[PDB]
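**Q** Encoded as structure tokens, here's the structure I'll be asking about.
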Amino acid sequence: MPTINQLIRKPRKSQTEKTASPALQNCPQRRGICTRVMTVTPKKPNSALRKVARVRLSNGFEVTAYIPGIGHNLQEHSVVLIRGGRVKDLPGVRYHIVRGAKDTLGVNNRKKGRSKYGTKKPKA
Amino acid sequence: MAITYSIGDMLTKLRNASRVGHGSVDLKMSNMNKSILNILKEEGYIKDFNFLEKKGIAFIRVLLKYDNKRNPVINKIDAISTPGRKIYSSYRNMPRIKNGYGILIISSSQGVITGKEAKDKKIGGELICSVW
RNA sequence: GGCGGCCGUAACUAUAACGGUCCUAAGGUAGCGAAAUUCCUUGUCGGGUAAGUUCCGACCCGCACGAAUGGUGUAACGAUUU
RNA sequence: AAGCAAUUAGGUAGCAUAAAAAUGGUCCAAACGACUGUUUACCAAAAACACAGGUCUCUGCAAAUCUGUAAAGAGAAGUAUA
RNA sequence: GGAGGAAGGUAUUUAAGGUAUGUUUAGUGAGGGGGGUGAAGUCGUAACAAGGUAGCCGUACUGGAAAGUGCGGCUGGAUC
RNA sequence: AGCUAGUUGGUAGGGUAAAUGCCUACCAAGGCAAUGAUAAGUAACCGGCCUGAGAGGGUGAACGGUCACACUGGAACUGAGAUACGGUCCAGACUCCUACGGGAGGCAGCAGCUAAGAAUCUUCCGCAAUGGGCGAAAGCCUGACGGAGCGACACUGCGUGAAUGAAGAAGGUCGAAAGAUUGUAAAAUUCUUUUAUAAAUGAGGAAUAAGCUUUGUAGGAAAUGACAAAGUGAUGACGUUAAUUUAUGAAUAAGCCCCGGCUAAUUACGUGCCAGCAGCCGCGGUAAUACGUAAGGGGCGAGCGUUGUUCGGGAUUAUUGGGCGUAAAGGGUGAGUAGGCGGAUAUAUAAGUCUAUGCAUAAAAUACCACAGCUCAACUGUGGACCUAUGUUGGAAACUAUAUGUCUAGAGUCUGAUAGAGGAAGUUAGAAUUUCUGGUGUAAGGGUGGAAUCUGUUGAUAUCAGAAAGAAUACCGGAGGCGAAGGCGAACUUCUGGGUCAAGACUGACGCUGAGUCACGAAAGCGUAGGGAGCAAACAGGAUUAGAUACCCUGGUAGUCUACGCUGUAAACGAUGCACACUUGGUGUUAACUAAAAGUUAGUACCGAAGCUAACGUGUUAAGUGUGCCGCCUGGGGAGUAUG
């Protein structure tokens, strides 16, 4: 405890939490154009080759977004819808591509948790 | 000198003497100290207190009270109001110390009175201390 | 007054922090650098111009800068030069 | 007309009212030299010389130094803060 | 003839525009500087044991590099 | 970190419904500011909303109140009211029409279009009700408002059936192929019709207006008329209204996420550090409850998940309710301004506080508690309050505050005694070392783990005598002493600061802490001028080593020293700010009081009970129990960096 006089002279300040996803500009999700697509090797001691895309957003930012699900068809110039979410493996990847978005479609032959990958219901 | 408590000095001295288990403790003398010790005496926390002399200065000698097993009657005695933090309360918002097992002592328009007396006389004031 | 050469060397390519060797009294530190010094040369890149062998800002491969024959800067000053 | 004056207000006249003459062009950046000065009378006024400042070294007084074969004079009618 | 009425003229204030100087802030810029991840590459072995010169703090100088040394200070220093 | 020059105030005047630099002309230079002026950035405000036990935190959708704006920037007119959204004038950009002279336009009104965006509606009906404008009235206008349509966007409710129904159908899955599980689930039988369709019935929002009939009142000579009252009197967009009654029949109707721990829910195949999962920890390398697909299980349900943002969990900005010896955190130290806080006691004031939860004001809605109306709920309505916010009335006075006194125990002055490397200035001393000079004397000296460089036949080292200079003060000397800290040790004097004890009198709270500010502040370093023995960065040589820009050796320039002026940094440490009131002891030690013991007081060390501490440890010199004030901390790196 500082003395009440001390608190009166130099009032307490609470430190302000900071956004994990600054490029969204407090919008739930944004749209951009895939300026490049590639695979990247994660940190240690993981193994795989994760597929990411360098995207120029509608507001002028560059970001790098992960492409979830098995297989995809993102070429260059493809418009996409990114949302928040950080991939721990990848340094600098801080957004996710939404499946079932404008130029991205669901992962083929998905039967559990379809809505997380934008795939229509396989008719029974 | 910055005594800062004619109240907290006696409270601290009484607390220290009580936990080490002395028989009597010997405090400075003032109207408020007399009033507080009087309230203690009615509430059965201390046995008695006497007025004395040393070098021409008046003292109050208080007789600590313990059970037969040398467990003190006073368990915890602690201040609420404080020169840097003055705490006043209405007669409705008065806290009941420890579900009434303890007592609250306040300074009010009608003198230094216990919390129950303050409630029964519908008066409030500064919260001096809490004893249980 | 003086203040060096040669050769090899890294998860492309490049260079060489490093290592070896010969020689000397010792082999140029700080800083600066196509400079009032740079031959090759209008070197290379950037700025200025519609177009700039001059000029300004850098790069360093300094033919042949360099510390009181002072080195690098500097407010103010100049019938100086650009 | 106000106001001590400088100026202020109104009115009048012209294309122009510091009406003639005399009376700074300014700004940005670089090189060199700090600066005021001095210099090739008669093609070079400058980046050259001088400069305050700095260091090294000489000189104990019939001092070092300089001019003369010398005496002698300057240094100095000074004395290492010279 | 007031009505100076109403146009017209003149004058003050003023938006826009123009000129000049400072000032706040956002991009870009040859080149330069350090920082992080990827390198597990090259050079050396500074610290952790008395780390093989005890360690560290302030300051100064010097060296490819970790660093070395001078001065003062500390134990948060084995051993005896 | 300075700002303002109509800026500050005054005297007149201009103007306004009206005060005022609101404006103008003169007269002064004033006004504001580390108690935050000015400036930059951000933002309409409030009733409220979200969250939370509360305090608070975040926030300003809808609805209601106020303010500002209506393309950008100005200006006035009309008018009770405007510096006027669909009025006027001017300038600017843009769009459009021209007969080229010039004109027309402002959806941030209701719908709608383009662009932008992750992202949001019909170019609908009606003035029947409510409200407003005009009119005597009829009546007209009203994209306000009443309704409808659209969107699972939120909130609330209902249905997609219900009751019997096997040791238990087929299949699926797990298995040893006994059997389990899906599972009374289905099938089958029976029952019901909210919903679906059709028909019938059908409240309420509605009041009447004009007009007409009648009564009464004011008025008057009197009707017409006005007012009060009664009766009559057209009128529903919604609307196929809400609700109700029959007719047909299980008929018209479920998905989504998850199943390693956090976190309720496991097995079987395929993949083999590939493919992929992930909020955190982390899974996958040949037997994956974590990947992918099936079978089961859990959660919620016309929704379910993900992302974005806020609060909560976070006591992780701690007033309620956290810390600073070693985890991030005590300033190097002191003196003090503003400020905060403060002994005993008397009186007065009543700012704070408390009370009559007086009395009012805190519009309505919302928020809380009951009672009601929509079939219930949401929703809606009528009452009743709980806080706490301001103003005011009358009281209480202890405490804080205000004003005037009193006291001495706190703190000071005076007196006496006394310890001390406290500081500054001016003098003096010896040992030792180095150099120089003069004797004796000869071949080594010096140095290391071992050597060499170096020194020496120009006479070394060693030894004797003399001279000179510089720096530092053995023994005393330590479980000391003093000072705020840094620090202070040969001897003396002068000048000078502080502490401790006491009946030993005086003042009478004169105090504590202290943001800025000021002073001091080891060593290193810098400027000027001296000095320079020894030691010694840089530097040189000799060695060790692969190399040695080092450790070791021989030399050696700054520096170390003095005077003056700067720098103001340390592991400046007790890693522990200062002050006061208290809380068992043991063993030493310093000073004083006492002749001395013996004890006390003020220090200074070790151990240690209780207590405290995450532990180490601390423990009357607290890191124990309390408070006053100041400084400082809020994950690590980036970083004590970049910039100012």
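Please note: Cβ atoms are built from the backbone with ideal geometry, for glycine as well, and neighbour counts cover all protein chains shown. Where a number appears in this text, it was derived from the coordinates with a stated rule and is not lab data.
**Q** Against the 2.2 N^0.38 Å scaling, with N counting residues, where does the range A:54-124 land? I'd like the Cα-based Rg ratio to two decimal places.
**A** Its radius of gyration relative to the 2.2 N^0.38 Å reference: 1.17.
**Q** Also, quick follow-up: Treat each spin label as a single point 7 Å out from the Cα along the C-beta direction, and report the B:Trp132 to B:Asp67 distance in nm.
**A** 1.7
**Q** Among DSSP beta bridges lying fully in the protein assembly as shown, give the percent that are antiparallel, nearest 5.
**A** For the protein assembly as shown, the DSSP antiparallel bridge percentage is about 95.
**Q** Report ³J(HN,Hα) in whole Hz for each residue of the range B:115-132, in order, from the Karplus equation J = 6.51 cos²θ - 1.76 cosθ + 1.60 where θ = phi - 60°; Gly and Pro get x.
**A** Once rounded to whole Hz, the list reads x, 5, 4, 4, 5, 6, 9, 6, 10, x, x, 6, 8, 6, 7, 10, 10, 8.
**Q** Report the label-to-label distance for B:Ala2 and A:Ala20 in nanometres (one decimal), using points 7 Å from each Cα along the Cα→Cβ vector.
**A** Result for the modelled spin labels: 4.8 nm.
**Q** If you average 1/r over all unlike Cα pairs in chain A and invert the result, what Kirkwood radius do you get in angstrom?
**A** 16.7
**Q** When the Karplus curve 6.51 cos²θ - 1.76 cosθ + 1.60 is applied with θ = phi - 60°, which whole-Hz ³J(HN,Hα) does each residue of the range B:41-52 get, with x for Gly and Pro?
**A** Each residue's phi maps through the Karplus curve to give 5, 5, 6, x, 8, 10, 6, 7, 8, 10, 9, 9 Hz.
**Q** Excluding residues on the same chain fewer than 8 positions from A:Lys51, give the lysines whose Cα lies under 16 Å from its Cα.
**A** Those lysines meeting the cut-off are A:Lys43, A:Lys88.
**Q** Amide H of B:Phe59: which non-local residues (sequence gap of 5 or more, or other chain) have their own amide H closer than 5 Å, using H built in the peptide plane?
**A** Hits under the 5 Å cutoff: B:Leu52, B:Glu53, B:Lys54.
**Q** Okay, moving on. Could you grab the relative contact order for the range A:18-124? Cα pairs under 8 Å, six or more apart, rounded to a whole percent.
**A** Dividing the mean separation by the residue count of the range A:18-124 yields 24 percent.
**Q** Whole Å is fine, so just give me how far the alpha carbon centre of the range B:59-108 lies from that of the range A:90-107.
**A** 66
**Q** Label A:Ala48 and B:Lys28 with points 7 Å out from Cα along Cα→Cβ: what is the distance between them in nm?
**A** The modelled label-to-label distance comes out at 7.6 nm.
**Q** Name the trypsin sites (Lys or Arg not before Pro) in the range B:6-61 that are in a loop by DSSP and that have at most 13 other C-beta atoms within 10 Å, would you?
**A** Passing both the DSSP loop test and the Cβ count: B:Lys55.
**Q** Got a sec to turn the phi values of the range A:38-46 into Karplus ³J(HN,Hα) couplings, 6.51 cos²θ - 1.76 cosθ + 1.60 with θ = phi - 60°, whole Hz, x for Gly and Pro?
**A** Those phi angles translate into 6, 10, 9, 8, x, 6, 7, x, 7 Hz.
**Q** I would also like to ask the following. Can you divide the C-alpha Rg of the protein assembly as shown by 2.2 N^0.38 Å and report the result to two decimal places?
**A** 2.02
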